[PDB]
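What follows draws every value from the coordinates through simple rules; no lab data is involved. In this analysis, Cβ positions are derived from the backbone assuming ideal geometry, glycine residues included, and neighbour counts consider all displayed protein chains.
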Amino acid sequence: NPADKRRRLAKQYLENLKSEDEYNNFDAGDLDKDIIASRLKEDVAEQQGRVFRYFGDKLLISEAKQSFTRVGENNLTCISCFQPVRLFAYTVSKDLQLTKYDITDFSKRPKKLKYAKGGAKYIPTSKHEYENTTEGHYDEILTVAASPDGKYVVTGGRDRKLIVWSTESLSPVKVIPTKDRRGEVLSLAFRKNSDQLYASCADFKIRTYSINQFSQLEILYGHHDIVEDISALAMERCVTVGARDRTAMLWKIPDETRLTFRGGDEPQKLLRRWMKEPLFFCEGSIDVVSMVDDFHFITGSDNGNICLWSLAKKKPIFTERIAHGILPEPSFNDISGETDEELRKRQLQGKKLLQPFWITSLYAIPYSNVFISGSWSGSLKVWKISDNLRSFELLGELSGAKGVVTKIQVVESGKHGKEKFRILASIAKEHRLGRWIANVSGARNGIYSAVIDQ
Amino acid sequence: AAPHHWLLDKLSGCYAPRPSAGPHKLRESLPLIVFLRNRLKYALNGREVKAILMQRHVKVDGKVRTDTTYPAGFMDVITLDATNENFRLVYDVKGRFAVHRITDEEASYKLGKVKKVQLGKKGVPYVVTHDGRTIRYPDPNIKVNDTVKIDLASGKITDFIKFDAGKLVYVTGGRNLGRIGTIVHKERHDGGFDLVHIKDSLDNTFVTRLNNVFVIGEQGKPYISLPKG
Amino acid sequence: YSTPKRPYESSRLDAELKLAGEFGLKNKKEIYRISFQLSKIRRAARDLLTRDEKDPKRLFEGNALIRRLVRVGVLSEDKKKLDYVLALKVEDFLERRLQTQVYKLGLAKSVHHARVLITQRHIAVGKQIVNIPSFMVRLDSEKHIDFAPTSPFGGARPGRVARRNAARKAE
Amino acid sequence: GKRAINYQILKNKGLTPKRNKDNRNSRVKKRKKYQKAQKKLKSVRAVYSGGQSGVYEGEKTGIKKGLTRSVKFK
Amino acid sequence: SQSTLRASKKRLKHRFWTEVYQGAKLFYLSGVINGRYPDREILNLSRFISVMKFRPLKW
Amino acid sequence: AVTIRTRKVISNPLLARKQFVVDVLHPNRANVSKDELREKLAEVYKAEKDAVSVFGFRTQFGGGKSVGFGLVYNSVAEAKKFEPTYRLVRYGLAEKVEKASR
RNA sequence: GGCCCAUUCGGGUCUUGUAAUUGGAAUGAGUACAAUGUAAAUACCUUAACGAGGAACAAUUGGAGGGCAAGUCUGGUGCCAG
RNA sequence: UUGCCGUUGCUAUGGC
């Protein structure tokens, strides 16, 4: 048995490498490095923070105050929020408008404050990739990001620019182009409690910036498709996911190194695993992330998977195969064009062309026990991760959001044992990158806010 | 050109620092330059470790002793004034100098193996140790290889640990150098391989010499604190 | 490298003619170098076939050899057998160099345009500008071959000929 | 007043034949002897050029009804 | 440019070697210091003159 | 615009000093510009501009980053005491020439 | 009109040539600001300015074959052979 | 509660 001989010889090999618990167990170099550890400074940014907010089953779920404030902007795309240590929120749309909200009036719907709308006036007079230093967006703003301190919001989209606006007036303070032709930005994330931005640009590139210095730190390379989502916490690590290469990478940005995590679910072995006694299959494209803590994260796929990954395992720890359902099959009055229902039913091939909803938004509350998933099934899902950190489980649903969920994130309130949050979710009737979405089933372009309690 | 005990990285230089003469031997000590500069790294080069030696931060065995190649051997408590650094350095299990950090009431003393008791001149009993502290007047029952406890403010013996069957012993020398556990066996031969034998995690057995072993306390209660992992 | 056995037979001359013309090579030393180390590779894989199944050398060095050949990129992911290392040959190795790859990705119009782009530093894989044409890109650096951002074919400031013509036409 | 040396005393290329600009580069010579070779290959074989370009105009060069350019067995 | 010093050094040596036998001595004098040349360089120049092993000519 | 990143900041009370490694970031600039770097370091930390010092600069290939070794003092007088004389000649105020003979 | 085969007659094939004109891009050797490095200096690394049309900013070495004069030499059965 | 437009509430919904 050749793989048995491989495992056996590898075991003998590791035993021989060990060859080349007592009462005294102290090692001189380890305790010397621990003396240097006692000598050093800056136990602030580099907390390898584990899950210290265990509250998944604690708070209420089923009776949230859900207000779906519809807004008149075609296809809202992103949502950025802010809390100091009054709270503002930000939305941005495919109609080239950024909009500031106040959200701190917690028991009611948010309040519009200020527009900032680019348009055809901001097309540059050059068509030349480094004099892209205009003051507004002329194409398809895809992402906003508020500063952790709140001086600025920074936004960008398919016009390959980063425009950083002031908070108090929504004015463009600085323009930083991405200096090449395909340099469309797709996701932005500040590292927490900082002034450092991580943008993920479709050149298979990740750009980093210091916003209050108007400088770019480091460009870091290495995905294989467009870097569709990004996520960061207080550590200088980052977690990006490229779309169709089906890998999620995490980046030690000062070292400029990474850990890659591929997928790897196969319907052959999965249907055999069920065949030991079923509509589930392989993977299209890993789409969204959120780093839950500094040892784990969660990925949202294109076949409706939500997966939970550790920092110490290439293959994922936990899967959840169907997370928002399978799409309604196309009707017999809109598949075939024959006359009889028998042939128009034969043109469905049974179950072979039922496609699942793909999770287009995922948000893990940082270091907490609970994350929120959203797609165009109409109902957001709330999941909590078990305390042994090897599984998660569906708590409840938030069914007042008709449309695609282009963004989810939460806003905190309450103290250490009694808490209430408003879950913002940007709702559109069209995916945040291309159109591709038919059967617009009662959708509206709005902000689904929910107020969850206890 | 280095020994094994110093935990000295090879990418350092060409000439290795010979320790000067002092209390301990050359083969069982580390100087202050290899202590401060390239082990716990309070310096970067010989110039600035000489600078802090001229500033006189070091207080090994309660005296200053400003010297670069001063041979700190076994359990000389290195004392540094800034950030109240108290360091008792002992042997680890694989031959190096593990420098444990201790506190002030433990660095207020040390212990020492007695080597010989003499009727030297004028009726004065007499005792020496590995740093050579010729202190006056112990009890008559000081055999060889017992353990005195030095005062470190004056020089007097304060406590005494008798060497017998059933004592916690430290081995510094030969192929057992730096082991603790002190009980499987006792065997005093008549000129070599004579010792008390030391256990392991599975309570294995070991052979050493008398002079290459010296007592540190009792079965569970040494008043020295020890590092762990 | 090392010269072949019969270096002047007409099949070898037409071989080197087709190789140097189809891949834009400068002399025979490119073919001879890459073929010398390919000879070492499949001379090793021949011995790995001449030993038997469940041999430790065969198991470990065989999957090691085919995995680092797949990661160089001359061998595809699905053929994980050791006889494909014998079926491997020299243009499978010099299709992997950066001049060939720049032309195939279409940043250049021919292999000679690719060679002069590379030697004039308009091409950077990943982070670093590569400037020698025989580079042997890998399967992960295959998709980050793009124009350098320090170059006018990227988005940078235009070169001396363009700016001197602009200045003289401004005069 | 400095009688500087000139190029024929400096480089000392005494009495050479006329040589080739294509020989002054080893790469361009193999670019232009491969273009010559693959223009000669159209003479010996018939080279697949890429299929039908536009409308089928005709054979453009002639059709021989007497010649059969096919390999007979044994 | 010590680089161009070394480059022109080599080029002069080779062009001198095509005019005299291949392996004649080209000597390098540095800048003049106090009216005349450095005496180290003139010392080993005289060391080169002192061993020359003349061969008899015809005229 | 240059950018600054300190890493692995330890304190040396024996030398009255705080030392760290310096990732200096200059996209589309030449290099570190060490006096301007001492200015930027002396303003990100506290004032002591004749007590902040950097010495070990290595720029990686293609530019952008350079790793240096940063050590910052309190008390400019004890910085003059503890720093070596060649770095004092390079940056600060000291200048003693060696006697040129033999 | 080029090319290919063949001892011969001949055969096979096809956009191929030209010191023809011409166009704007590219940059590298070189010349050089620096800063970095280093006891100091060199070098590596980073890098503004200039730097191509005979791109004369002028790579070789060896081989195969011609052709020409109011020219010269030799032979001898005109005008030829060498 | 918005680009319009409808039911509107004296606030929620649904068609482009």
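On alpha-carbon atoms, Rg over Rh for chain C using Kirkwood Rh?
We get a ratio of 1.11 for chain C.
Going from the alpha-carbon gyration tensor of the range B:84-134, what semi-axes, largest first and in whole Å, does one get by taking the root of 5 times each eigenvalue?
30, 15, 6
Within a 10 angstrom radius of the beta carbon, how do B:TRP6, A:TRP309, A:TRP436, E:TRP17 rank from fewest other beta carbons to most?
A:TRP436, E:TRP17, B:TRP6, A:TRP309
Tell me, what HN-Hα J-couplings in whole Hz come from the Karplus equation 6.51 cos²θ - 1.76 cosθ + 1.60 at θ = phi - 60° for each residue of the range A:438-446, using x for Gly and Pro?
Values, residue by residue: 9, 6, 6, 9, x, 6, 9, 7, x Hz.
Rg(Cα) of the range A:296-454 divided by 2.2 N^0.38 Å?
Here the answer is 1.22, to two decimals.
Straight distance only, please: which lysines reach the Cα of A:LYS384 with their own Cα at less than 17 Å, same-chain residues fewer than 8 apart left out?
Counting by Cα, and skipping residues close in sequence, A:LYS384 has these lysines nearby: A:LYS58, A:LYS420.
Evaluate 2.2 N^0.38 Å with N set to the residue count of chain A, then give the Cα radius of gyration divided by it.
Against the compact-globule rule of thumb, the ratio is 1.07.
Calculate the radius of gyration of the Cα atoms of the range B:110-160 to one decimal place, then report Dmax, the largest Cα-Cα distance, as a whole number, both in Å.
Cα only, the range B:110-160: 10.0, 29 Å (Rg, Dmax).
Express in % the proportion of alpha carbon pairs of the range A:319-399 at distances exceeding 17 Å.
58
Tell me which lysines have Cα within less than 28 Å of C:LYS81's Cα, excluding those fewer than 8 residues away on the same chain?
Qualifying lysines at Cα under 28 Å: A:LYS5, A:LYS11, A:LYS269, A:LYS313, A:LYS314, A:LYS315, C:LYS40, C:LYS54, C:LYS57, C:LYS89, C:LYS104, C:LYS143.
Checking the table A:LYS33/B:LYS228; A:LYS41/F:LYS40; A:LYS381/A:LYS402; B:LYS41/F:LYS49; C:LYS109/D:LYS33 against a 22 Å threshold on Cα-Cα, which pairs fail?
The answer is B:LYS41/F:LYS49.
If you look at just the Cα atoms of chain E, how large are its Rg and its Dmax in Å?
In order Rg, Dmax, the Cα atoms of chain E give 14.6, 46 Å.
For the range B:1-105, taking Cα atoms only, what is the radius of gyration to one decimal and the Dmax to the nearest whole Å?
Spelled out, the Cα radius of gyration and Dmax of the range B:1-105 are 12.9, 40 Å.
Compute the Kirkwood hydrodynamic radius of chain B, taking the inverse of the mean of 1/r over all pairs of distinct Cα atoms, and give it in Å to one decimal.
Value: 18.7 Å, from the Cα pair sum.
Give me the log10 of I(q) over I(0) for the range A:24-77 at q = 0.16 Å⁻¹, as the Debye formula computes it from C-alpha points; what are the numbers?
With no solvent term, the Cα-only Debye profile gives -0.83.
For the range B:56-147, what number results from the quotient of the Cα radius of gyration and 2.2 N^0.38 Å?
Relative to the 2.2 N^0.38 Å estimate, the range B:56-147 comes out at 1.26.
What are the ³J(HN,Hα) couplings of the range F:89-102, residue after residue, when phi is run through the Karplus curve with 6.51, -1.76, 1.60 and θ = phi - 60°? Round to Hz, x for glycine and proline.
Along the range F:89-102, the couplings run 5, 5, 10, x, 10, 6, 7, 10, 8, 7, 6, 8, 8, 6 Hz.
Less than 26 Å apart at the alpha-carbon level, and either on another chain or at least 8 residues along: which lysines does that give for B:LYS156?
B:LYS25, B:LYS59, B:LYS63, B:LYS110, B:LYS113, B:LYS115, B:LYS116, B:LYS121, B:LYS122, B:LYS143, B:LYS167, B:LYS221
How fast does the range B:163-229 diffuse by Stokes-Einstein, in µm²/s, taking the Kirkwood radius from C-alpha pairs at 4 °C and 1.567 mPa s?
Calculated translational D: 107 µm²/s.
Would you work out the Kirkwood radius for the protein assembly as shown? I mean one over the mean of 1/r across all pairs of different Cα atoms, in Å.
37.7
Quick check on chain A: helices-only [θ] at 222 nm, where DSSP H runs of length 4 and up contribute -39,500 (n - 2.57) each and the sum goes over total residues. Nearest 500, please.
That comes out to -3000 deg cm²/dmol.
Assign unit charges at the C-beta atoms only (+1 for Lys and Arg, -1 for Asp and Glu), then state the dipole size of the range F:3-102 relative to its Cα centre in Debye, rounded to the nearest 20.
It works out to roughly 300 debye.
Considering only C-alpha atoms, what is the centroid distance from the range A:1-69 to the range B:169-229, in Å?
The range A:1-69 and the range B:169-229 have Cα centres spaced 36 Å from each other.
Of all the Cα-Cα pairs you can form in the range F:3-102, what percent are over 17 Å apart?
In whole percent, the share of Cα-Cα pairs in the range F:3-102 beyond 17 Å is 54.
Once the other residues with Cβ under 13 Å from the Cβ of A:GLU329 are scored (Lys, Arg +1; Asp, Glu -1), what is the net sum?
Cβ neighbours under 13 Å give a net charge of +3.
Work out from phi, with θ = phi - 60° and the Karplus expression 6.51 cos²θ - 1.76 cosθ + 1.60, the ³J(HN,Hα) of each residue of the range F:54-63, listed in order in whole Hz, and give x for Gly and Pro.
9, 9, x, 8, 10, 8, 7, 5, x, x
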